[PDB]
């Protein structure tokens, strides 16, 4: 059966607006978290976010951006990057039934769903709404707004699975290649950054609130005094491609996707059960003869969530645990975009032979003890890496990537 590789990538995140900038931030251990006027003026207790630092003005054709929310914009720019990075030209990927696109967001666009309602209830009524709210606000906005300008003819839809969203998008792309249905699938996601959505997470008590005056310290995965995650925005896209198709055009291959896990807890709505995560990682490792050298953990910096995963990690690996860092300590939580971005971080680490640090661990959690949690940038030759993504509703995703030989 067919094999799948990554032959290009693109990213717009809190720690870089391309793979060069991001690569540098990963090596630095730099943080992408800043203070947010918007979150404060809204009335929230959380004032920190991992925002995108980029002027998007004019970057996309007018006839194209008129349909887009911020999630679509980030995903579109990431896709432009991924295409060039894969060295693909329009004749190679447009109007091609064997080329598709699977990308989604966690929450579509609350900003424009609200805008539409506000416009409707203000004067003018329907006249203030405009004809572009549906495509911006619908859950499939990211995939619809990209597949059309890029002339995609293959598969075209969005996976939605909360914080595991773009991970399942990548996994599905692999399945499309495995089933022989596609030669190339663009896979990824995006997420807008706004109080409209962020406030709903704060109302849960899921967001960090005790570190507003020192934003870069707010996200602190595996620390004893963590208090929730730092919401973030951005996008990412990877070119998922059939192996023989990539080799024949002399494509640059980052890694093969040798494992994909997707499972469910069927237990608690917002708290992970561990059982599901163990099955997920084991499922991704099935038929993988090499060991896992590095693991990008989900690790959101919530009190309940971080150690649950560690317990699950122990159970899978036992005494042979892999090196572990949670890049969300730098990046914040990108929600739907997290899966593809963290996959890209893992691929950059695999490509340039280093491990990014898990920062802000002042006091290591007592239940985080007998493990290889990396806190300082460390050069190493990696061969096989793993990235976990978990979401509300007890949904799980794991990717295993490995150098081709």
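Positions refer to the first chain, counted from 1.
- If you average the C-alpha B-factors over 255-263 and over 323-331, the higher value belongs to 323-331.
- Taking the mean C-alpha B-factor of each stretch as recorded, 54-62 and 356-364 are not equal, and the higher mean is that of 356-364.
- Of the candidates 212, 158, 135, 89, the PDB record gives 212 the highest C-alpha temperature factor.
- Residues shown: 107, 233, 149, 122. Highest C-alpha temperature factor in the entry: 122.
- Among all modelled residues in this chain, the alpha-carbon of residue 166 has a temperature factor (C-alpha) in the lowest third.
- Annotation for residue 12: CA B-factor lies in the middle third of the chain's modelled residues.
- Ranked by Cα temperature factor within the chain, residue 140 sits in the lowest third according to the deposited record.
- Annotation for residue 6: CA B-factor lies in the lowest third of the chain's modelled residues.
- For residue 279, the recorded CA B-factor ranks within the middle third of the chain. Only modelled residues enter the ranking.
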